[PDB]
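In what follows, a single structure is set out as structure tokens and then discussed.
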Amino acid sequence: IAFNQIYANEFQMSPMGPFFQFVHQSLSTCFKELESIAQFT
Amino acid sequence: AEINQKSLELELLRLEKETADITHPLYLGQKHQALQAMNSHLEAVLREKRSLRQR
């Protein structure tokens with residue numbers, strides 16, 4: 001019941017803080033992706 | 001007298017065999033296990049609802 005409920009409803013100071021987080025996470029993912037492609041070859 | 005005793009025993013055993021799938025501890029135990037595995041899985045899914053939604 002709990003799943004069906006969540007499925008129907010959900011699944012079916014300087015303003016600078018959010019910019020740092022985004023750039024950090026995106027850059028990290030980019031690193032790892034390129035390393036993986038190189039390793040496969 | 002001996003025939004009557006054995007006949008009863010046979011009748012009893014037959015009744016037990018016919019109702020074992022729903023009554024015997026062995027078969028009932030297997031059904032429990034299958035149900036517990038699914039419960040745990042659903043609990044996990046509910047715990048990660050936000051991440052799953054974002055994805």
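So you can find residues: chains in the structure tokens are A, B, ... in the order shown, residues in each start at 1, and ligands are numbered from 1 in order.
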
List every residue of chain B that DSSP, applied to the backbone of this structure, assigns to alpha helix (DSSP H), and report them as a VMD selection string.
chain B and resid 2 to 18 25 to 47 49 to 54

Within 12 Å of chain B, which residues belong to chain A? Use only C-alpha atoms and report them as a list in words.
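Contact residues on the first chain: residues 1, 2, 3, 4, 5, 6, 7, 9, 10, 11 and 12 of chain A.
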
Length of the atom CA of residue 13 of chain A to atom CA of residue 28 of chain A vector [Å]:
26.5 Å

Quick check, in Å to one decimal: how far apart do atom CA of residue 22 of chain B and atom CA of residue 5 of chain B lie?
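Distance between the two atoms: 27.3 Å.
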
Atom CA of residue 41 of chain A to atom CA of residue 29 of chain A: how many Å, to one decimal?
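About the pair atom CA of residue 41 of chain A and atom CA of residue 29 of chain A: they are 19.3 Å apart.
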